[PDB]
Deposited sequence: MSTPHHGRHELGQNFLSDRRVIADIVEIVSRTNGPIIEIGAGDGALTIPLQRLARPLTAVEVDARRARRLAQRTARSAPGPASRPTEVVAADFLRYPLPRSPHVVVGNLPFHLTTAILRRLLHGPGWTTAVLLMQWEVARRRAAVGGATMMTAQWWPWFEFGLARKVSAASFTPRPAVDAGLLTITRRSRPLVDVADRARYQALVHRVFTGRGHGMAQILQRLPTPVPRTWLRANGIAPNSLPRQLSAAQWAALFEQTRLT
């Protein structure tokens, strides 16, 4: 496991979390590198740690730095099995790099959380934030969430050092979804179909798929006929879904 040893990254994460509101849930709390600074924000906090012995040591540490018996709940649990509340909350965590996509899927399908502040592999955070264009997974979640790349974090900021660098990713739940959550599976299937479809450019790709789109549709929606699926915006994907509905 790669613990966050760079205090500047801790400061940066706390700064982003401090601009949000509501209870906080932390994934992979470890020894409390983020837990202790987050507890000083005076908001309700749940710290999740799968290592029971480490979780018990963290519960003593959080209780010691807390005002007293008359707050932070340390839970010894696998986050993949932790029930997220349906009420508004903020999620934060330094993710184990091998469980990143499973944790991301668990969160994206989950309720209540309005902002997620996540530390993960740099290449994943980059693709998730659509740096250089969107990947299929980002476009598949774009009607319900917005992704931001807050910063790059070197492997030297962790102890022990991972084999790759890291990226600090922010995710925000849209208050007004671009596509209804009930149409998620059809929407995500359409996005898969456009990204893996044959053809060079959107005009060629949309011609070769089941239930085609009017010839005037691409240019009427501001999309150049030569553009690639990664160049479409969230609004354009939603307009395409509404068209091929």
Ranges missing from the model, given as deposited sequence positions
1 to 12, 83 to 84, 260 to 261
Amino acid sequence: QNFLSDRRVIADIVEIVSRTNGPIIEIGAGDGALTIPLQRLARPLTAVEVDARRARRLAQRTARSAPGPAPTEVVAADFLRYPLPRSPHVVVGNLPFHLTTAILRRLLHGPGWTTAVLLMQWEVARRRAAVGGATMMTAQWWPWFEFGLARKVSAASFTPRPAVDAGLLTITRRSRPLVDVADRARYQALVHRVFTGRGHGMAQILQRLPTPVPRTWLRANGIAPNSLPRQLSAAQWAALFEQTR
From here on, numbers count along this sequence of modelled residues.
Between 202 to 210 and 186 to 194, name whichever shows the higher mean Cα B factor according to the PDB entry.
202 to 210
Between 77 to 85 and 104 to 112, which has the larger average Cα B-factor in the PDB entry?
77 to 85
Out of 66, 34, 27, 218, which one has a C-alpha B factor higher than all the others in the entry?
66
Looking at 121, 72, 157, 170, which has the biggest Cα B factor in the entry?
72
In terms of its chain's C-alpha B-factors, the third that includes residue 90 is the middle
Here the Cα B-factor of residue 52, set against its chain, lands in the third termed highest
Chain-relative C-alpha B factor for residue 148 (record values, thirds): the lowest
State the tercile, meaning the lowest, middle or highest third, of residue 131 with respect to the CA B-factors recorded for its chain.
highest
Divide the modelled residues of the chain into thirds by Cα B-factor and specify which third, lowest, middle or highest, holds residue 181.
highest
